[PDB]
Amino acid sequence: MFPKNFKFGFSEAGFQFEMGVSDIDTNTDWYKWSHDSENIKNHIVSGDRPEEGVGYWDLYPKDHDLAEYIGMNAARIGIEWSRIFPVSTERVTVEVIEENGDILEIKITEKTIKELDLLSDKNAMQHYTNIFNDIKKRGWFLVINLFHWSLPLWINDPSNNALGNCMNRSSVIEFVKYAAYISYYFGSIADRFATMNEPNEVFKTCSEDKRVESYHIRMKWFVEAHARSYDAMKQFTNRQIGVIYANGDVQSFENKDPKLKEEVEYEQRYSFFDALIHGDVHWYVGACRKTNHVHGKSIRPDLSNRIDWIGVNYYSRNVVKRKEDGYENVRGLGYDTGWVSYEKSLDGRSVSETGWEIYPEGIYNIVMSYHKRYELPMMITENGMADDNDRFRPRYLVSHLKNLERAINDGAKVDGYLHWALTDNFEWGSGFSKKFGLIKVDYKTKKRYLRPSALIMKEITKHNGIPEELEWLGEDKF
């Protein structure tokens, strides 16, 4: 069985869930990126309208009742920066200490909070408060996520060749203001804070520059985005602040190149977490040389010890092969399976309706690698699959939860599992075609439909683990 009071719940993004019924928010870069006609006919976005979505902004108490019925006791909710501060906060100046380009200090004091108090949407603050109160009044675990890809238009405007939602110096200063603002009013409500959701996915896709060097100075801006935030938030909250990260079980092509595996894991993830926990930015300096861009200290205590917990996201593995001084995701396996077949992988394993092969052993592998390197409290903040007819999700949920249970027993300090997701939602560039929910949403009528896999969650939550009668669904390979 799982540990006592283990957290079974769901994760939610503001842009993917909120809109659909009322209170349309058009003030995000992703909204215009979704509606751009050239992006539609060039197959960058699906063309689906996010304002025709789940309606979680208004229907959240009824969707929370369904989570309660299936025994959930946790929720990860993302706050939209566009709704709290719909207008620019640049006019509010703050003390900013820098050196050779590294933002070492952003002093957010209480005279800044009341200054930001006049520009904030007090009605949007009350709506999020009502959503969070609806979660905590049921005795549930609450995790607030500040940033989930969508950025206010005054921060980034795709109008005026990628989305461009990266971080720069001016974006970091404004973000720490909004980060400290959230911790000022919700520091006693949120059980844990997450500054950003999958930032590695952002600075990988936010620019046409896929070079390793520019990838890491982009990551650098996100590194300071959390480090300077964490400082400002901890002024008003006593709760664990961490990062929700995109992860895949990195593997070499047939385990012949284990050094390339550790190469990939350091370039994409462990460079980030070694800076925010220890201060190792030798990657950032190593990059900054071949760029002729100014670099600072290689070990910065402004960045270090800035992770109280890690939000692990896992969906599939990631098999890679060395090319020329580089690596390539092997098509036909892992996240890149949907290129040789949409029904079976090269390993002969089932594939999700979005092209990601089902590899339940990877949720043990990714949790173990994170624990064996840092040993902090962790959480599965996202885990699920695109499966409309519920063909594979019942076996997906059980098999992954038992590989995670194998991880808890082996020492991993994971105290929560947040399935993605309770309901279907807007899967960004692919629209509503990708249905990840334990319950299915009819976007024409906004009606909620329980999928059978949601009743499997009801059985696991009731027993705090997988009973013997559900072990056949837990088979890893199918």
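One rule holds for the numbers: they count along the sequence shown, beginning at 1.
Q: Please count the deposited residues lying between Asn160 and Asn161 that the model leaves without coordinates, and give the class: none, 1 to 3, 4 to 9, or 10 or more.
A: Count of unmodelled residues in between: 4 to 9.
Q: Given the B-factors recorded for C-alpha atoms, which segment has the greater mean, 358-366 or 208-216?
A: Stretch with the higher mean C-alpha B-factor: 208-216.
Q: Can you tell me whether 17-25 has a higher mean C-alpha B factor than 458-466 in this record, or the other way round?
A: Taking the mean C-alpha B-factor of 17-25 and of 458-466, the larger value falls to 458-466.
Q: Out of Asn383, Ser352, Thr112, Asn197, which residue has the highest Cα temperature factor in the PDB record?
A: Of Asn383, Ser352, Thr112, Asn197, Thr112 has the highest C-alpha B-factor.
Q: Name the residue from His127, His400, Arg239, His148 with the greatest C-alpha temperature factor listed in the entry.
A: Most elevated C-alpha B-factor of the set, per the entry: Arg239.
Q: Lowest, middle or highest third: which one holds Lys413 when the chain's residues are ordered by CA B-factor from the entry?
A: Its C-alpha B-factor, which the entry lists for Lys413, ranks in the middle third among residues of this chain.
Q: How does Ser170 rank on Cα B-factor within its chain, lowest, middle or highest third?
A: Highest third of the chain for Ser170's C-alpha B-factor.
Q: Compare the C-alpha B factor of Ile108 with those of the other modelled residues in its chain, then answer lowest, middle or highest third.
A: Highest third - that is where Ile108 ends up once the chain's C-alpha B-factors are sorted.
Q: Divide the modelled residues of the chain into thirds by Cα B-factor and specify which third, lowest, middle or highest, holds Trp140.
A: Its C-alpha B-factor belongs to the middle third of this chain's values.
Q: What third of its chain's C-alpha B-factors does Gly71 belong to: lowest, middle or highest?
A: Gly71: CA B-factor falls in the lowest third of its chain.
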